[PDB]
>>> print(open('coords38.txt').read())   # compact mmCIF, C-alpha atoms and all ligand atoms
# COMPACT_ATOMS: atom_id res chain seq x y z
CA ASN T 1 -8.42 67.28 7.21
CA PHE T 2 -9.42 68.05 10.79
CA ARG T 3 -8.67 65.89 13.83
CA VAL T 4 -10.12 66.57 17.27
CA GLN T 5 -6.96 66.88 19.34
CA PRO T 6 -6.97 65.36 22.86
CA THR T 7 -7.37 67.62 25.88
CA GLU T 8 -5.73 65.53 28.61
CA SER T 9 -4.23 62.10 29.22
CA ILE T 10 -5.71 59.93 31.98
CA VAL T 11 -3.99 56.79 33.46
CA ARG T 12 -6.45 54.36 35.16
CA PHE T 13 -5.16 51.05 36.69
CA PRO T 14 -6.47 48.49 39.24
CA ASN T 15 -6.82 49.53 42.94
CA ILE T 16 -3.96 49.13 45.44
CA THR T 17 -3.56 45.42 46.27
CA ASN T 18 -1.96 43.74 49.29
CA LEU T 19 1.17 45.61 50.33
CA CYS T 20 4.59 44.04 50.68
CA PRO T 21 5.53 43.48 54.35
CA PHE T 22 7.85 46.44 54.82
CA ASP T 23 6.15 47.11 58.16
CA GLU T 24 7.63 43.95 59.69
CA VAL T 25 11.20 44.51 58.53
CA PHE T 26 11.33 48.21 59.47
CA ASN T 27 9.10 48.59 62.56
CA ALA T 28 10.15 45.47 64.48
CA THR T 29 11.09 46.13 68.09
CA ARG T 30 14.06 43.74 68.26
CA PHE T 31 16.21 43.04 65.21
CA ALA T 32 18.60 40.11 64.82
CA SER T 33 22.41 39.95 64.92
CA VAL T 34 25.18 40.35 62.33
CA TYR T 35 26.52 36.80 62.15
CA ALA T 36 22.89 35.58 62.26
CA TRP T 37 20.81 37.69 59.87
CA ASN T 38 17.19 36.84 59.08
CA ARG T 39 16.87 36.72 55.29
CA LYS T 40 13.23 37.51 54.49
CA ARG T 41 12.06 36.86 50.93
CA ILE T 42 9.17 39.08 49.85
CA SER T 43 7.13 38.50 46.69
CA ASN T 44 3.64 38.55 45.13
CA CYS T 45 2.92 42.11 46.27
CA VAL T 46 3.48 45.70 45.22
CA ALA T 47 6.50 47.30 46.90
CA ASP T 48 5.55 50.79 48.09
CA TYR T 49 8.78 52.79 48.01
CA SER T 50 6.95 56.06 48.73
CA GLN O 1 6.53 7.57 57.61
CA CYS O 2 5.44 5.35 54.71
CA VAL O 3 3.35 2.16 54.77
CA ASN O 4 2.99 -0.16 51.77
CA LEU O 5 -0.68 -0.08 50.77
CA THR O 6 -0.24 -2.87 48.12
CA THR O 7 -3.62 -4.35 46.87
CA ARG O 8 -2.73 -3.03 43.40
CA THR O 9 -5.54 -4.12 41.08
CA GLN O 10 -3.49 -3.43 37.96
CA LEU O 11 -6.08 -2.74 35.26
CA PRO O 12 -5.48 -0.71 32.08
CA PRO O 13 -7.40 2.54 31.55
CA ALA O 14 -9.85 2.80 28.68
CA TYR O 15 -10.49 5.22 25.83
CA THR O 16 -13.51 7.43 25.21
CA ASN O 17 -14.56 9.65 22.30
CA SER O 18 -14.12 13.23 23.49
CA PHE O 19 -16.73 14.89 21.29
CA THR O 20 -16.73 18.66 21.89
CA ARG O 21 -15.27 19.08 25.38
CA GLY O 22 -12.09 21.04 25.98
CA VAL O 23 -12.85 24.50 24.54
CA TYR O 24 -11.87 27.45 26.72
CA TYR O 25 -11.44 31.20 26.32
CA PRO O 26 -8.16 31.81 24.43
CA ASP O 27 -7.77 35.44 25.51
CA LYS O 28 -9.26 38.04 27.86
CA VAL O 29 -11.53 39.95 25.48
CA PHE O 30 -15.23 40.43 24.65
CA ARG O 31 -16.62 39.71 21.18
CA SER O 32 -20.29 40.12 20.24
CA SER O 33 -21.70 37.98 17.38
CA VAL O 34 -18.19 37.60 15.93
CA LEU O 35 -16.85 34.39 14.38
CA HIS O 36 -13.19 34.46 15.41
CA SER O 37 -10.40 32.20 14.16
CA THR O 38 -7.82 31.39 16.85
CA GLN O 39 -4.73 29.19 17.03
CA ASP O 40 -3.80 28.07 20.54
CA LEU O 41 -3.23 24.98 22.70
CA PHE O 42 -6.50 23.09 22.25
CA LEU O 43 -8.05 19.64 22.50
CA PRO O 44 -9.26 18.42 19.08
CA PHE O 45 -12.79 17.17 18.57
CA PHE O 46 -13.53 13.41 18.65
CA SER O 47 -10.27 12.75 20.50
CA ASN O 48 -9.26 9.69 22.52
CA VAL O 49 -9.69 10.90 26.08
CA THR O 50 -8.35 8.39 28.59
CA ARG P 1 -13.33 43.97 20.20
CA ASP P 2 -15.34 43.84 16.99
CA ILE P 3 -15.34 42.29 13.50
CA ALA P 4 -12.56 44.68 12.39
CA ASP P 5 -10.43 43.49 15.39
CA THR P 6 -9.86 46.75 17.23
CA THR P 7 -10.49 47.90 20.78
CA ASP P 8 -13.88 49.56 21.29
CA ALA P 9 -14.93 48.82 24.90
CA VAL P 10 -12.82 48.58 28.05
CA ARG P 11 -13.60 47.68 31.65
CA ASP P 12 -12.93 50.33 34.29
CA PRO P 13 -10.62 48.53 36.77
CA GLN P 14 -11.67 50.39 39.95
CA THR P 15 -15.44 50.88 39.56
CA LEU P 16 -16.66 47.78 37.74
CA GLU P 17 -18.47 49.51 34.87
CA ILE P 18 -18.36 48.92 31.12
CA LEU P 19 -17.58 51.91 28.91
CA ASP P 20 -17.41 52.03 25.13
CA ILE P 21 -14.82 53.81 23.02
CA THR P 22 -16.19 55.69 20.06
CA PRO P 23 -13.27 57.14 18.04
CA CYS P 24 -11.53 60.50 17.76
CA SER P 25 -14.20 61.89 15.32
CA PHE P 26 -11.98 63.15 12.50
CA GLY P 27 -13.10 64.16 9.02
CA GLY P 28 -12.31 65.88 5.76
CA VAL P 29 -12.60 69.52 4.73
CA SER P 30 -14.26 70.39 1.42
CA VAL P 31 -14.31 74.01 0.31
CA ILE P 32 -17.23 75.21 -1.81
CA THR P 33 -16.23 78.10 -4.03
CA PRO P 34 -17.14 79.99 -7.17
CA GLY P 35 -14.36 81.30 -9.38
CA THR P 36 -11.84 83.81 -8.09
CA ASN P 37 -12.92 86.28 -10.76
CA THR P 38 -16.59 85.71 -9.89
CA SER P 39 -16.27 86.15 -6.12
CA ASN P 40 -13.87 85.88 -3.19
CA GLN P 41 -15.87 84.12 -0.43
CA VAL P 42 -16.07 80.37 0.18
CA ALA P 43 -18.18 77.86 2.08
CA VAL P 44 -16.57 75.05 4.06
CA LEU P 45 -18.10 71.57 4.22
CA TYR P 46 -16.92 69.17 6.92
CA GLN P 47 -17.15 65.57 5.76
CA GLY P 48 -19.72 63.53 7.66
CA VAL P 49 -19.53 64.87 11.22
CA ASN P 50 -22.01 66.13 13.81
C1 LIG T 101 7.22 -1.88 49.93
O1 LIG T 101 7.60 -3.11 49.28
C2 LIG T 101 8.73 -3.00 48.40
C3 LIG T 101 8.91 -4.35 47.75
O2 LIG T 101 10.19 -4.46 47.14
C4 LIG T 101 9.95 -2.54 49.19
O3 LIG T 101 11.05 -2.37 48.30
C5 LIG T 101 9.66 -1.24 49.92
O4 LIG T 101 10.76 -0.88 50.74
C6 LIG T 101 8.40 -1.36 50.78
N1 LIG T 101 8.07 -0.09 51.39
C7 LIG T 101 8.48 0.26 52.62
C8 LIG T 101 8.05 1.61 53.10
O5 LIG T 101 9.17 -0.49 53.31
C1 LIG T 102 -9.12 5.90 19.53
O1 LIG T 102 -10.55 5.96 19.40
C2 LIG T 102 -11.06 5.35 18.21
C3 LIG T 102 -12.56 5.58 18.21
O2 LIG T 102 -13.22 4.64 19.04
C4 LIG T 102 -10.68 3.87 18.17
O3 LIG T 102 -11.11 3.30 16.94
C5 LIG T 102 -9.17 3.71 18.32
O4 LIG T 102 -8.84 2.33 18.41
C6 LIG T 102 -8.67 4.44 19.56
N1 LIG T 102 -7.22 4.34 19.66
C7 LIG T 102 -6.60 3.38 20.35
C8 LIG T 102 -5.10 3.43 20.35
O5 LIG T 102 -7.22 2.49 20.93
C1 LIG T 103 -11.42 50.52 44.47
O1 LIG T 103 -11.57 51.70 45.30
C2 LIG T 103 -12.80 52.41 45.10
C3 LIG T 103 -12.74 53.64 45.98
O2 LIG T 103 -12.24 54.76 45.27
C4 LIG T 103 -13.98 51.50 45.41
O3 LIG T 103 -15.20 52.20 45.14
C5 LIG T 103 -13.91 50.23 44.58
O4 LIG T 103 -14.95 49.34 44.95
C6 LIG T 103 -12.56 49.54 44.77
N1 LIG T 103 -12.47 48.36 43.92
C7 LIG T 103 -12.74 47.13 44.35
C8 LIG T 103 -12.59 46.03 43.34
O5 LIG T 103 -13.09 46.91 45.51
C1 LIG T 104 -13.38 86.02 -15.05
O1 LIG T 104 -14.53 86.49 -15.89
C2 LIG T 104 -14.96 85.68 -17.01
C3 LIG T 104 -16.03 84.75 -16.49
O2 LIG T 104 -15.47 83.55 -15.96
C4 LIG T 104 -13.79 84.97 -17.67
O3 LIG T 104 -14.04 84.86 -19.07
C5 LIG T 104 -12.52 85.77 -17.42
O4 LIG T 104 -11.46 85.24 -18.20
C6 LIG T 104 -12.16 85.71 -15.94
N1 LIG T 104 -11.05 86.62 -15.65
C7 LIG T 104 -9.96 86.29 -14.95
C8 LIG T 104 -9.88 84.87 -14.44
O5 LIG T 104 -9.06 87.10 -14.74
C1 LIG T 105 -26.00 65.38 16.43
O1 LIG T 105 -26.50 64.36 17.33
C2 LIG T 105 -27.70 64.72 18.03
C3 LIG T 105 -28.02 63.57 18.96
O2 LIG T 105 -29.29 62.99 18.67
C4 LIG T 105 -28.82 65.01 17.03
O3 LIG T 105 -29.99 65.42 17.73
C5 LIG T 105 -28.38 66.10 16.06
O4 LIG T 105 -29.38 66.30 15.07
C6 LIG T 105 -27.07 65.71 15.38
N1 LIG T 105 -26.62 66.78 14.50
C7 LIG T 105 -26.06 66.56 13.31
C8 LIG T 105 -25.65 67.77 12.53
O5 LIG T 105 -25.87 65.42 12.88
>>> encode(input="coords38.txt", output="structure tokens")
Amino acid sequence: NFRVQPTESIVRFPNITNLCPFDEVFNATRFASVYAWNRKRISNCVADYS
Amino acid sequence: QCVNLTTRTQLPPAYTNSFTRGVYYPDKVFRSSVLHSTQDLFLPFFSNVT
Amino acid sequence: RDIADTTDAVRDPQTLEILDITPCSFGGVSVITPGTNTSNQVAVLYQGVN
């Protein structure tokens, strides 16, 4: 029997959606204190760790 | 703030023969001229819709 | 999907176009031969392929 072997593998997924707000937590001009720390909960987005 | 509206005309709801309403798409797929048997959360025909 | 319940058409998630998936195009190999005492060459038939 003969089977046409694949040449390459392609991975296609939906476009980049709304980004997680890592710009606010990392590029803010004035951060908070140690005894008073602002706990920011981030969800419903893709987290770009690149 | 909360104000008592009152004027509660306490009447019972009625019943109606739901004939064919309540049929949705059970999955995210395309079928062309295909009679497909599914089993999912549905509303039966000729039901007692309130 | 189709009557046989297999994937045959997918939606491209970035550019909203509809492609169809015709299969891997395999087949069988049938060898047409005379006897080994009669001759030594064969003909190869590939089963039902373009
Ligand atoms: C509305 O009336 C009921 C009658 O018992 C009473 O219990 C309730 O407190 C009233 N609502 C308000 C907001 O006072
Ligand atoms: C449900 O609908 C049927 C059809 O009219 C009726 O005969 C039956 O009494 C209804 N059920 C109730 C509990 O009223
Ligand atoms: C995804 O990005 C491409 C650009 O490469 C664009 O043509 C396409 O319209 C985008 N998808 C959506 C749903 O906007
Ligand atoms: C080939 O020649 C003839 C014709 O088929 C046959 O009778 C003979 O036995 C064969 N010789 C072989 C297979 O060595
Ligand atoms: C292969 O498909 C093309 C497309 O029409 C057709 O012209 C050609 O005759 C086919 N060849 C065979 C061997 O089936």
>>> residues_around(input="coords38.txt", residues="residue 27 (chain P)", least_positions_apart="2", cutoff="7 Å", atoms="all atoms listed in the file", output="list in words")
residues 1, 2 and 3 of chain T; 25, 29, 46, 47, 48 and 49 of chain P
>>> atom_distance(input="coords38.txt", atom1="CA of residue 18 (chain O)", atom2="atom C5 of ligand LIG 102 (chain T)")
11.9 Å
>>> residues_near_ligand(input="coords38.txt", ligand="ligand LIG 104 (chain T)", cutoff="10 Å", atoms="all atoms listed in the file", output="list in words")
residues 34, 35, 36, 37, 38 and 39 of chain P
>>> closest_atom_pairs(input="coords38.txt", of="chain O", to="chain P", cutoff="12 Å", atoms="all atoms listed in the file", output="tab-separated table")
residue	atom	partner	partner_atom	distance
O:27	CA	P:1	CA	11.5
O:28	CA	P:1	CA	10.5
O:29	CA	P:1	CA	6.9
O:30	CA	P:1	CA	6.0
O:31	CA	P:1	CA	5.5
O:32	CA	P:2	CA	7.0
O:33	CA	P:3	CA	8.6
O:34	CA	P:3	CA	6.0
O:35	CA	P:3	CA	8.1
O:36	CA	P:3	CA	8.3
O:37	CA	P:3	CA	11.3
>>> residues_around(input="coords38.txt", residues="residue 16 (chain T)", least_positions_apart="2", cutoff="12 Å", atoms="only C-alpha atoms", output="compact mmCIF listing (two decimals) with C-alpha atoms, in the frame of the given file")
# COMPACT_ATOMS: atom_id res chain seq x y z
CA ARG T 12 -6.45 54.36 35.16
CA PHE T 13 -5.16 51.05 36.69
CA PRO T 14 -6.47 48.49 39.24
CA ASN T 18 -1.96 43.74 49.29
CA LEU T 19 1.17 45.61 50.33
CA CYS T 20 4.59 44.04 50.68
CA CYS T 45 2.92 42.11 46.27
CA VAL T 46 3.48 45.70 45.22
CA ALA T 47 6.50 47.30 46.90
CA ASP T 48 5.55 50.79 48.09
CA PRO P 13 -10.62 48.53 36.77
CA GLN P 14 -11.67 50.39 39.95
>>> residues_near_point(input="coords38.txt", point="(-3.0, 34.7, 23.3)", cutoff="10 Å", atoms="only C-alpha atoms", output="ChimeraX atom specification")
/O:25-28,38-41
>>> write_last_selection(input="coords38.txt", atoms="C-alpha atoms", output="mmCIF file, in the coordinates of the input")
data_model
loop_
_atom_site.group_PDB
_atom_site.id
_atom_site.type_symbol
_atom_site.label_atom_id
_atom_site.label_comp_id
_atom_site.auth_asym_id
_atom_site.auth_seq_id
_atom_site.Cartn_x
_atom_site.Cartn_y
_atom_site.Cartn_z
ATOM 1 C CA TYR O 25 -11.440 31.200 26.320
ATOM 2 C CA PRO O 26 -8.160 31.810 24.430
ATOM 3 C CA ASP O 27 -7.770 35.440 25.510
ATOM 4 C CA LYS O 28 -9.260 38.040 27.860
ATOM 5 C CA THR O 38 -7.820 31.390 16.850
ATOM 6 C CA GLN O 39 -4.730 29.190 17.030
ATOM 7 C CA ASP O 40 -3.800 28.070 20.540
ATOM 8 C CA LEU O 41 -3.230 24.980 22.700
#
>>> closest_atom_pairs(input="coords38.txt", of="chain O", to="ligand LIG 101 (chain T)", cutoff="12 Å", atoms="all atoms listed in the file", output="tab-separated table")
residue	atom	partner	partner_atom	distance
O:1	CA	T:LIG101	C8	7.6
O:2	CA	T:LIG101	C8	4.8
O:3	CA	T:LIG101	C8	5.0
O:4	CA	T:LIG101	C1	4.9
O:5	CA	T:LIG101	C1	8.1
O:6	CA	T:LIG101	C1	7.7
O:7	CA	T:LIG101	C1	11.5
O:8	CA	T:LIG101	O1	11.9
>>> atom_distance(input="coords38.txt", atom1="CA of residue 40 (chain P)", atom2="atom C7 of ligand LIG 105 (chain T)")
28.2 Å
>>> residues_near_ligand(input="coords38.txt", ligand="ligand LIG 102 (chain T)", cutoff="8 Å", atoms="all atoms listed in the file", output="list in words")
residues 15, 16, 17, 46, 47 and 48 of chain O
>>> axis_aligned_box(input="coords38.txt", around="ligand LIG 103 (chain T)", padding_each_side="3 Å", output="lines of an AutoDock Vina configuration file")
center_x = -13.3
center_y = 50.4
center_z = 44.7
size_x = 9.8
size_y = 14.7
size_z = 8.6
>>> atom_distance(input="coords38.txt", atom1="CA of residue 33 (chain P)", atom2="atom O3 of ligand LIG 105 (chain T)")
28.7 Å
>>> closest_residue(input="coords38.txt", among="T:50, T:6, T:17, T:22", to="ligand LIG 103 (chain T)", atoms="all atoms listed in the file")
T:17
>>> closest_atom_pairs(input="coords38.txt", of="chain P", to="ligand LIG 103 (chain T)", cutoff="12 Å", atoms="only C-alpha atoms and all ligand atoms", output="JSON lines")
{"residue": "P:11", "atom": "CA", "partner": "T:LIG103", "partner_atom": "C8", "distance": 11.8}
{"residue": "P:12", "atom": "CA", "partner": "T:LIG103", "partner_atom": "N1", "distance": 9.8}
{"residue": "P:13", "atom": "CA", "partner": "T:LIG103", "partner_atom": "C8", "distance": 7.3}
{"residue": "P:14", "atom": "CA", "partner": "T:LIG103", "partner_atom": "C1", "distance": 4.5}
{"residue": "P:15", "atom": "CA", "partner": "T:LIG103", "partner_atom": "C5", "distance": 5.3}
{"residue": "P:16", "atom": "CA", "partner": "T:LIG103", "partner_atom": "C8", "distance": 7.1}
{"residue": "P:17", "atom": "CA", "partner": "T:LIG103", "partner_atom": "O4", "distance": 10.7}
>>> closest_residue(input="coords38.txt", among="P:41, P:50, P:30, P:6", to="ligand LIG 105 (chain T)", atoms="only C-alpha atoms and all ligand atoms")
P:50
>>> residues_around(input="coords38.txt", residues="residue 32 (chain P)", least_positions_apart="6", cutoff="7 Å", atoms="all atoms listed in the file", output="list in words")
residues 42, 43 and 44 of chain P
>>> residues_near_point(input="coords38.txt", point="(9.3, 36.5, 59.1)", cutoff="10 Å", atoms="only C-alpha atoms", output="number ranges by chain")
T: 21, 24-25, 38-42
